[PDB]
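Novice: My structure is in model-v7.csv, and what it holds is CSV, C-alpha atoms:
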```
chain,number,residue,atom,x,y,z
A,198,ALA,CA,-122.1,268.2,-38.8
A,199,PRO,CA,-123.8,268.9,-35.4
A,200,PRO,CA,-127.4,267.8,-34.5
A,201,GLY,CA,-130.4,270.2,-34.7
A,202,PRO,CA,-130.9,273.5,-36.7
A,203,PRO,CA,-127.9,275.6,-38.0
A,204,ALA,CA,-126.1,278.3,-35.9
A,205,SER,CA,-124.7,280.8,-38.6
A,206,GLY,CA,-124.2,284.5,-37.5
A,207,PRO,CA,-123.9,283.5,-33.8
A,208,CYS,CA,-123.1,287.2,-32.7
A,209,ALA,CA,-124.2,289.0,-36.0
A,210,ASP,CA,-127.5,290.4,-34.5
A,211,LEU,CA,-126.8,289.7,-30.8
A,212,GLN,CA,-128.4,293.1,-29.9
A,213,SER,CA,-131.8,291.4,-30.7
A,214,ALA,CA,-130.8,288.2,-28.9
A,215,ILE,CA,-129.7,290.1,-25.7
A,216,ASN,CA,-133.0,292.2,-25.9
A,217,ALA,CA,-134.9,288.9,-26.2
A,218,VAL,CA,-133.2,287.6,-22.9
A,219,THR,CA,-134.1,290.8,-21.1
A,220,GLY,CA,-137.6,291.2,-22.6
A,221,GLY,CA,-136.8,295.0,-22.6
A,222,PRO,CA,-135.4,297.5,-20.0
A,223,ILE,CA,-135.7,297.0,-16.1
A,224,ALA,CA,-137.3,299.2,-13.3
A,225,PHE,CA,-136.7,300.2,-9.6
A,226,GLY,CA,-139.5,300.6,-7.1
A,227,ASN,CA,-140.1,300.7,-3.2
A,228,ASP,CA,-136.5,301.5,-2.3
A,229,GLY,CA,-135.9,303.1,-5.8
A,230,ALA,CA,-132.5,301.3,-6.4
A,231,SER,CA,-132.9,297.7,-5.2
A,232,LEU,CA,-132.6,295.0,-8.0
A,233,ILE,CA,-134.8,291.9,-7.8
A,234,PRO,CA,-133.7,288.1,-7.8
A,235,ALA,CA,-136.0,287.6,-10.8
A,236,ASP,CA,-133.9,290.1,-12.7
A,237,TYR,CA,-130.6,288.6,-11.4
A,238,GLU,CA,-131.5,285.3,-13.2
A,239,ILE,CA,-132.2,287.2,-16.5
A,240,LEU,CA,-128.7,288.8,-15.9
A,241,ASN,CA,-127.2,285.3,-15.5
A,242,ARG,CA,-128.5,284.5,-19.0
A,243,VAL,CA,-127.3,287.9,-20.4
A,244,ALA,CA,-123.8,287.3,-18.9
A,245,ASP,CA,-123.6,283.8,-20.6
A,246,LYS,CA,-124.8,285.4,-23.9
A,247,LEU,CA,-122.0,288.0,-23.6
A,248,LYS,CA,-119.5,285.3,-22.7
A,249,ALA,CA,-120.5,283.4,-26.0
A,250,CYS,CA,-119.1,286.5,-27.9
A,251,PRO,CA,-116.3,288.2,-25.9
A,252,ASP,CA,-115.5,289.9,-29.2
A,253,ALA,CA,-118.6,292.2,-28.7
A,254,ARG,CA,-118.3,294.6,-25.7
A,255,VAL,CA,-121.4,296.1,-24.2
A,256,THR,CA,-122.4,299.5,-22.5
A,257,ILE,CA,-124.9,299.7,-19.7
A,258,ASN,CA,-126.9,302.9,-19.1
A,259,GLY,CA,-129.2,303.9,-16.2
A,260,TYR,CA,-131.7,306.7,-15.5
A,261,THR,CA,-133.6,308.3,-12.5
A,262,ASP,CA,-136.7,310.6,-12.1
A,263,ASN,CA,-136.0,314.4,-11.8
A,264,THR,CA,-137.4,314.9,-8.2
A,265,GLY,CA,-133.8,314.8,-7.1
A,266,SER,CA,-130.7,316.9,-8.1
A,267,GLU,CA,-127.5,316.4,-10.3
A,268,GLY,CA,-125.4,315.6,-7.2
A,269,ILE,CA,-127.9,312.8,-6.3
A,270,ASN,CA,-128.9,311.6,-9.8
A,271,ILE,CA,-125.3,311.3,-11.1
A,272,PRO,CA,-124.5,308.6,-8.4
A,273,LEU,CA,-128.0,307.0,-8.7
A,274,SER,CA,-127.8,306.6,-12.5
A,275,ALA,CA,-124.2,305.2,-12.3
A,276,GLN,CA,-125.1,302.8,-9.4
A,277,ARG,CA,-128.0,301.3,-11.5
A,278,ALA,CA,-125.5,300.6,-14.3
A,279,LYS,CA,-122.7,299.4,-12.0
A,280,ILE,CA,-125.1,297.0,-10.2
A,281,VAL,CA,-125.8,295.3,-13.6
A,282,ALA,CA,-122.1,295.4,-14.6
A,283,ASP,CA,-120.9,293.9,-11.3
A,284,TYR,CA,-123.5,291.1,-11.5
A,285,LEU,CA,-122.5,290.3,-15.1
A,286,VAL,CA,-118.8,290.3,-14.1
A,287,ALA,CA,-119.4,288.0,-11.1
A,288,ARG,CA,-121.4,285.5,-13.3
A,289,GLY,CA,-118.5,285.4,-15.9
A,290,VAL,CA,-118.0,288.6,-18.0
A,291,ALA,CA,-114.5,290.2,-18.2
A,292,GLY,CA,-114.5,293.8,-16.8
A,293,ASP,CA,-112.9,294.9,-20.1
A,294,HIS,CA,-116.1,293.9,-22.0
A,295,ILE,CA,-118.6,296.1,-19.9
A,296,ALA,CA,-118.8,300.0,-19.9
A,297,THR,CA,-121.3,302.0,-17.7
A,298,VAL,CA,-123.0,305.4,-18.2
A,299,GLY,CA,-124.9,307.8,-15.8
A,300,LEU,CA,-128.0,309.0,-17.7
A,301,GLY,CA,-129.2,310.7,-14.5
A,302,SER,CA,-132.6,312.2,-15.7
A,303,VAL,CA,-132.0,312.8,-19.5
A,304,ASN,CA,-134.5,311.7,-22.3
A,305,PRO,CA,-137.3,310.9,-19.7
A,306,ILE,CA,-140.0,308.3,-20.4
A,307,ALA,CA,-142.3,308.8,-17.4
A,308,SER,CA,-143.6,311.6,-15.1
A,309,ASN,CA,-142.5,311.9,-11.4
A,310,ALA,CA,-146.1,312.6,-10.4
A,311,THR,CA,-146.6,308.9,-9.2
A,312,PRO,CA,-144.2,306.4,-7.4
A,313,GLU,CA,-144.9,303.9,-10.3
A,314,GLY,CA,-143.9,306.6,-12.8
A,315,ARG,CA,-140.6,307.2,-10.9
A,316,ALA,CA,-139.8,303.4,-11.1
A,317,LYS,CA,-140.8,303.5,-14.9
A,318,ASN,CA,-138.2,306.3,-15.5
A,319,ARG,CA,-135.5,305.0,-13.0
A,320,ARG,CA,-134.9,302.4,-15.8
A,321,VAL,CA,-131.6,300.5,-16.7
A,322,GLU,CA,-130.7,299.4,-20.2
A,323,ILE,CA,-127.9,297.5,-22.2
A,324,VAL,CA,-126.5,298.0,-25.7
A,325,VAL,CA,-123.7,296.2,-27.7
A,326,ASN,CA,-120.8,298.6,-28.5
```
Produce structure tokens that represent the structure in this file.
Specialist:
Amino acid sequence: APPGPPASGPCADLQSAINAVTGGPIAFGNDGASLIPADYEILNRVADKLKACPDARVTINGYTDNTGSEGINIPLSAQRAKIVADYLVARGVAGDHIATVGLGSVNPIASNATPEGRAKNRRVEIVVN
């Protein structure tokens, strides 16, 4: 038997474990689409946690405020998900195990009346699928 506590169900609730690495969803200010080095280290740990259960694919969604238009918010929502996906794949995930979704301005969570609110609704998120 190995040292330390037991390790049963190592992928059985990994949704909660992946959320615990991220501490929740991630925002986009100043430039509105420019991801931080502090997040890219969180993404290193998410990539390793996915790589510990290549049996359990993920899907990555991203959002934008509604000050833009569909022809601007479709590429912006997809780009936020693709930036996370490309970072995870570069750290060690197989491209087969990550999907991406453009949630442009649907199911909004902040008003566009302030630049902070825009960043709070430009959010990106991850879910096991």
Novice: With all atoms listed in the file as the atoms that count, which of A:262, A:269, A:247, A:311 lies nearest to residue A:291?
Specialist: A:247
Novice: Between A:198, A:324, A:232, A:300, which one has atoms that come closest to residue A:273, using only C-alpha atoms?
Specialist: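 Residue with the minimum atom-to-atom distance to residue A:273: A:300.
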Novice: Nearest to residue A:316: which of A:289, A:301, A:226, A:268 is it, counting all atoms listed in the file?
Specialist: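 Closest to residue A:316, using all atoms listed in the file: A:226.
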Novice: Show which residues sit within 12 Å of residue A:315, as a compact mmCIF listing (two decimals) with C-alpha atoms, in the coordinates of the input. Count all atoms listed in the file, and ignore same-chain residues fewer than 3 positions away.
Specialist:
```txt
# COMPACT_ATOMS: atom_id res chain seq x y z
CA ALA A 224 -137.30 299.20 -13.30
CA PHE A 225 -136.70 300.20 -9.60
CA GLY A 226 -139.50 300.60 -7.10
CA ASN A 227 -140.10 300.70 -3.20
CA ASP A 228 -136.50 301.50 -2.30
CA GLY A 229 -135.90 303.10 -5.80
CA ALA A 230 -132.50 301.30 -6.40
CA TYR A 260 -131.70 306.70 -15.50
CA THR A 261 -133.60 308.30 -12.50
CA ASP A 262 -136.70 310.60 -12.10
CA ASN A 263 -136.00 314.40 -11.80
CA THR A 264 -137.40 314.90 -8.20
CA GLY A 265 -133.80 314.80 -7.10
CA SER A 302 -132.60 312.20 -15.70
CA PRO A 305 -137.30 310.90 -19.70
CA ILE A 306 -140.00 308.30 -20.40
CA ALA A 307 -142.30 308.80 -17.40
CA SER A 308 -143.60 311.60 -15.10
CA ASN A 309 -142.50 311.90 -11.40
CA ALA A 310 -146.10 312.60 -10.40
CA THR A 311 -146.60 308.90 -9.20
CA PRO A 312 -144.20 306.40 -7.40
CA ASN A 318 -138.20 306.30 -15.50
CA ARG A 319 -135.50 305.00 -13.00
CA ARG A 320 -134.90 302.40 -15.80
```
Novice: So which residues are close to (-121.2, 287.1, -34.2), meaning at most 12 Å away in the file's coordinates with all atoms listed in the file counted, and can you show them as a PyMOL selection string?
Specialist: chain A and resi 204-214+246-254+325
Novice: So, with all atoms listed in the file as the atoms that count, which of A:235, A:257, A:240, A:295 lies closest to residue A:277?
Specialist: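 Between A:235, A:257, A:240, A:295, the residue approaching residue A:277 most closely is A:257.
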Novice: Closest to residue A:256 among A:322, A:271, A:288, A:238, using only C-alpha atoms?
Specialist: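 Nearest to residue A:256: A:322.
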Novice: Could you tell me how far atom CA of residue A:292 lies from atom CA of residue A:279, in Å and to one decimal?
Specialist: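 Separation of atom CA of residue A:292 and atom CA of residue A:279: 11.0 Å.
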Novice: Near residue A:237, counting only C-alpha atoms, which residues have an atom at most 12 Å away, once you skip same-chain residues fewer than 5 positions from it, shown as a list in words?
Specialist: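 Returned residues: residues 218, 219, 223, 231, 232, 242, 243, 244, 280, 281, 282, 283, 284, 285, 287 and 288 of chain A.
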Novice: Can I get the selection written as a PDB file, in the coordinates of the input, with C-alpha atoms?
Specialist:
```
ATOM      1  CA  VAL A 218    -133.200 287.600 -22.900  1.00  0.00           C
ATOM      2  CA  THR A 219    -134.100 290.800 -21.100  1.00  0.00           C
ATOM      3  CA  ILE A 223    -135.700 297.000 -16.100  1.00  0.00           C
ATOM      4  CA  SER A 231    -132.900 297.700  -5.200  1.00  0.00           C
ATOM      5  CA  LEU A 232    -132.600 295.000  -8.000  1.00  0.00           C
ATOM      6  CA  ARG A 242    -128.500 284.500 -19.000  1.00  0.00           C
ATOM      7  CA  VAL A 243    -127.300 287.900 -20.400  1.00  0.00           C
ATOM      8  CA  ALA A 244    -123.800 287.300 -18.900  1.00  0.00           C
ATOM      9  CA  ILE A 280    -125.100 297.000 -10.200  1.00  0.00           C
ATOM     10  CA  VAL A 281    -125.800 295.300 -13.600  1.00  0.00           C
ATOM     11  CA  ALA A 282    -122.100 295.400 -14.600  1.00  0.00           C
ATOM     12  CA  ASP A 283    -120.900 293.900 -11.300  1.00  0.00           C
ATOM     13  CA  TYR A 284    -123.500 291.100 -11.500  1.00  0.00           C
ATOM     14  CA  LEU A 285    -122.500 290.300 -15.100  1.00  0.00           C
ATOM     15  CA  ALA A 287    -119.400 288.000 -11.100  1.00  0.00           C
ATOM     16  CA  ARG A 288    -121.400 285.500 -13.300  1.00  0.00           C
TER      17      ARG A 288
END
```
Novice: At what distance in Å, to one decimal, does atom CA of residue A:217 lie from atom CA of residue A:201?
Specialist: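 Value for the atom CA of residue A:201-atom CA of residue A:217 distance: 21.0 Å.
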Novice: I'd like the contact shell of residue A:278 - 8 Å cut-off, all atoms listed in the file, skipping same-chain residues fewer than 5 positions apart - returned as a PyMOL selection string.
Specialist: chain A and resi 257-259+297-299+321-322
Novice: Measure the distance from atom CA of residue A:296 to atom CA of residue A:276 in Å and round it to one decimal.
Specialist: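 Between atom CA of residue A:296 and atom CA of residue A:276 the gap works out to 12.6 Å.
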Novice: Using only C-alpha atoms, which of A:241, A:270, A:326, A:216 sits nearest residue A:294?
Specialist: A:326
Novice: Please, could N, CA and C atoms be added to stretch 203-238 of chain A and the result written as a PDB file, keeping the file's coordinate frame?
Specialist:
```
ATOM      1  N   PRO A 203    -129.171 274.886 -37.873  1.00  0.00           N
ATOM      2  CA  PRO A 203    -127.900 275.600 -38.000  1.00  0.00           C
ATOM      3  C   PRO A 203    -127.764 276.791 -37.047  1.00  0.00           C
ATOM      4  N   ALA A 204    -126.535 277.300 -36.935  1.00  0.00           N
ATOM      5  CA  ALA A 204    -126.100 278.300 -35.900  1.00  0.00           C
ATOM      6  C   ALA A 204    -125.245 279.432 -36.560  1.00  0.00           C
ATOM      7  N   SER A 205    -125.391 279.688 -37.866  1.00  0.00           N
ATOM      8  CA  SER A 205    -124.700 280.800 -38.600  1.00  0.00           C
ATOM      9  C   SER A 205    -125.104 282.172 -37.990  1.00  0.00           C
ATOM     10  N   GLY A 206    -124.185 283.131 -38.145  1.00  0.00           N
ATOM     11  CA  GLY A 206    -124.200 284.500 -37.500  1.00  0.00           C
ATOM     12  C   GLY A 206    -124.496 284.445 -36.001  1.00  0.00           C
ATOM     13  N   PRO A 207    -123.653 283.765 -35.196  1.00  0.00           N
ATOM     14  CA  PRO A 207    -123.900 283.500 -33.800  1.00  0.00           C
ATOM     15  C   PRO A 207    -123.774 284.765 -32.865  1.00  0.00           C
ATOM     16  N   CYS A 208    -123.227 285.868 -33.387  1.00  0.00           N
ATOM     17  CA  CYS A 208    -123.100 287.200 -32.700  1.00  0.00           C
ATOM     18  C   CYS A 208    -123.544 288.341 -33.679  1.00  0.00           C
ATOM     19  N   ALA A 209    -123.920 288.039 -34.934  1.00  0.00           N
ATOM     20  CA  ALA A 209    -124.200 289.000 -36.000  1.00  0.00           C
ATOM     21  C   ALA A 209    -125.409 289.954 -35.798  1.00  0.00           C
ATOM     22  N   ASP A 210    -126.353 289.582 -34.931  1.00  0.00           N
ATOM     23  CA  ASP A 210    -127.500 290.400 -34.500  1.00  0.00           C
ATOM     24  C   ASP A 210    -127.786 290.219 -33.010  1.00  0.00           C
ATOM     25  N   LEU A 211    -126.718 290.036 -32.226  1.00  0.00           N
ATOM     26  CA  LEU A 211    -126.800 289.700 -30.800  1.00  0.00           C
ATOM     27  C   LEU A 211    -127.482 290.820 -29.978  1.00  0.00           C
ATOM     28  N   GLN A 212    -127.585 292.045 -30.504  1.00  0.00           N
ATOM     29  CA  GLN A 212    -128.400 293.100 -29.900  1.00  0.00           C
ATOM     30  C   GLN A 212    -129.873 292.629 -29.752  1.00  0.00           C
ATOM     31  N   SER A 213    -130.445 291.988 -30.777  1.00  0.00           N
ATOM     32  CA  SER A 213    -131.800 291.400 -30.700  1.00  0.00           C
ATOM     33  C   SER A 213    -131.889 290.255 -29.782  1.00  0.00           C
ATOM     34  N   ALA A 214    -130.881 289.379 -29.798  1.00  0.00           N
ATOM     35  CA  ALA A 214    -130.800 288.200 -28.900  1.00  0.00           C
ATOM     36  C   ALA A 214    -130.688 288.628 -27.421  1.00  0.00           C
ATOM     37  N   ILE A 215    -129.908 289.668 -27.106  1.00  0.00           N
ATOM     38  CA  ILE A 215    -129.700 290.100 -25.700  1.00  0.00           C
ATOM     39  C   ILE A 215    -130.986 290.847 -25.246  1.00  0.00           C
ATOM     40  N   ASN A 216    -131.680 291.572 -26.132  1.00  0.00           N
ATOM     41  CA  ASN A 216    -133.000 292.200 -25.900  1.00  0.00           C
ATOM     42  C   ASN A 216    -134.081 291.115 -25.631  1.00  0.00           C
ATOM     43  N   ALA A 217    -134.000 289.976 -26.323  1.00  0.00           N
ATOM     44  CA  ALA A 217    -134.900 288.900 -26.200  1.00  0.00           C
ATOM     45  C   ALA A 217    -134.729 288.130 -24.813  1.00  0.00           C
ATOM     46  N   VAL A 218    -133.495 288.051 -24.294  1.00  0.00           N
ATOM     47  CA  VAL A 218    -133.200 287.600 -22.900  1.00  0.00           C
ATOM     48  C   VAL A 218    -133.827 288.501 -21.883  1.00  0.00           C
ATOM     49  N   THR A 219    -133.649 289.819 -22.034  1.00  0.00           N
ATOM     50  CA  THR A 219    -134.100 290.800 -21.100  1.00  0.00           C
ATOM     51  C   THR A 219    -135.615 291.092 -21.120  1.00  0.00           C
ATOM     52  N   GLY A 220    -136.240 290.872 -22.281  1.00  0.00           N
ATOM     53  CA  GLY A 220    -137.600 291.200 -22.600  1.00  0.00           C
ATOM     54  C   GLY A 220    -137.878 292.754 -22.625  1.00  0.00           C
ATOM     55  N   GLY A 221    -136.816 293.565 -22.686  1.00  0.00           N
ATOM     56  CA  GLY A 221    -136.800 295.000 -22.600  1.00  0.00           C
ATOM     57  C   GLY A 221    -136.036 295.549 -21.367  1.00  0.00           C
ATOM     58  N   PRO A 222    -136.119 296.855 -21.061  1.00  0.00           N
ATOM     59  CA  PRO A 222    -135.400 297.500 -20.000  1.00  0.00           C
ATOM     60  C   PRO A 222    -136.062 297.154 -18.586  1.00  0.00           C
ATOM     61  N   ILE A 223    -135.357 297.444 -17.485  1.00  0.00           N
ATOM     62  CA  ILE A 223    -135.700 297.000 -16.100  1.00  0.00           C
ATOM     63  C   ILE A 223    -135.856 298.200 -15.127  1.00  0.00           C
ATOM     64  N   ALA A 224    -136.842 298.123 -14.217  1.00  0.00           N
ATOM     65  CA  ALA A 224    -137.300 299.200 -13.300  1.00  0.00           C
ATOM     66  C   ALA A 224    -136.920 299.059 -11.830  1.00  0.00           C
ATOM     67  N   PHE A 225    -137.144 300.121 -11.033  1.00  0.00           N
ATOM     68  CA  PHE A 225    -136.700 300.200  -9.600  1.00  0.00           C
ATOM     69  C   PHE A 225    -137.685 300.954  -8.740  1.00  0.00           C
ATOM     70  N   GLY A 226    -138.436 300.171  -7.962  1.00  0.00           N
ATOM     71  CA  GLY A 226    -139.500 300.600  -7.100  1.00  0.00           C
ATOM     72  C   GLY A 226    -139.197 300.365  -5.583  1.00  0.00           C
ATOM     73  N   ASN A 227    -140.171 300.649  -4.711  1.00  0.00           N
ATOM     74  CA  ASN A 227    -140.100 300.700  -3.200  1.00  0.00           C
ATOM     75  C   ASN A 227    -138.933 301.468  -2.648  1.00  0.00           C
ATOM     76  N   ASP A 228    -137.724 300.915  -2.709  1.00  0.00           N
ATOM     77  CA  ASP A 228    -136.500 301.500  -2.300  1.00  0.00           C
ATOM     78  C   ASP A 228    -135.911 302.502  -3.424  1.00  0.00           C
ATOM     79  N   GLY A 229    -136.281 302.276  -4.694  1.00  0.00           N
ATOM     80  CA  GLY A 229    -135.900 303.100  -5.800  1.00  0.00           C
ATOM     81  C   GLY A 229    -134.568 302.769  -6.511  1.00  0.00           C
ATOM     82  N   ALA A 230    -133.865 301.755  -6.001  1.00  0.00           N
ATOM     83  CA  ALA A 230    -132.500 301.300  -6.400  1.00  0.00           C
ATOM     84  C   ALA A 230    -132.144 299.905  -5.984  1.00  0.00           C
ATOM     85  N   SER A 231    -133.126 299.015  -5.772  1.00  0.00           N
ATOM     86  CA  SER A 231    -132.900 297.700  -5.200  1.00  0.00           C
ATOM     87  C   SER A 231    -133.375 296.581  -6.152  1.00  0.00           C
ATOM     88  N   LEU A 232    -132.410 296.016  -6.883  1.00  0.00           N
ATOM     89  CA  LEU A 232    -132.600 295.000  -8.000  1.00  0.00           C
ATOM     90  C   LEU A 232    -133.130 293.677  -7.444  1.00  0.00           C
ATOM     91  N   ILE A 233    -134.065 293.084  -8.189  1.00  0.00           N
ATOM     92  CA  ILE A 233    -134.800 291.900  -7.800  1.00  0.00           C
ATOM     93  C   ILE A 233    -134.039 290.555  -8.186  1.00  0.00           C
ATOM     94  N   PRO A 234    -134.262 289.451  -7.437  1.00  0.00           N
ATOM     95  CA  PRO A 234    -133.700 288.100  -7.800  1.00  0.00           C
ATOM     96  C   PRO A 234    -134.228 287.574  -9.093  1.00  0.00           C
ATOM     97  N   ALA A 235    -135.466 287.917  -9.474  1.00  0.00           N
ATOM     98  CA  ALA A 235    -136.000 287.600 -10.800  1.00  0.00           C
ATOM     99  C   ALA A 235    -135.240 288.265 -11.930  1.00  0.00           C
ATOM    100  N   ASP A 236    -134.801 289.523 -11.765  1.00  0.00           N
ATOM    101  CA  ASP A 236    -133.900 290.100 -12.700  1.00  0.00           C
ATOM    102  C   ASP A 236    -132.467 289.484 -12.705  1.00  0.00           C
ATOM    103  N   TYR A 237    -131.916 289.161 -11.530  1.00  0.00           N
ATOM    104  CA  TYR A 237    -130.600 288.600 -11.400  1.00  0.00           C
ATOM    105  C   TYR A 237    -130.413 287.258 -12.181  1.00  0.00           C
ATOM    106  N   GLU A 238    -131.487 286.474 -12.319  1.00  0.00           N
ATOM    107  CA  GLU A 238    -131.500 285.300 -13.200  1.00  0.00           C
ATOM    108  C   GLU A 238    -131.501 285.625 -14.694  1.00  0.00           C
TER     109      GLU A 238
END
```
